[PDB]
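Okay, so here's the structure we're looking at.
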Amino acid sequence: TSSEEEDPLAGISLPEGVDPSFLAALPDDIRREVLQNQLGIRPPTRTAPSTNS
């Protein structure tokens, strides 16, 4: 991990419910895990509505 934590008031692009404290304080592994699996949202370009969700 790093001390460089992303703050929610810093206008960072996260879905609702997803707070960056556990994302920045814990590794990037479970960070992408919780984003992709829970919300189904993809930061890369959406070309398929039937995504991993």
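Each position in the sequence shown, counted from 1, maps to that position plus 2950 in PDB author numbering. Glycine included, every Cβ here is placed at the ideal spot set by N, Cα and C.
Under three-state DSSP, which class holds residue i?
i, result
"residue 2976", "coil"
"residue 2984", "helix"
"residue 2963", "coil"
"residue 2958", "helix"
"residue 2993", "coil"
I think residue i touches residue j, with their Cβ atoms under 8 angstroms apart; what is that distance to the nearest whole Å?
i, j, result
"residue 3003", "residue 2990", "3 angstroms"
Sort the options by Cα distance to residue i and report the nearest one.
i, options, result
"residue 2962", "2953, 2952 and 2973", "2973"
"residue 2984", "3000, 2996 and 2967", "2967"
"residue 2965", "2986, 2975 and 2995", "2986"
Would residue i pass as a contact of residue j if the rule is Cβ separation under 8 angstroms?
i, j, result
"residue 2997", "residue 2977", "no"
"residue 2975", "residue 2955", "yes"
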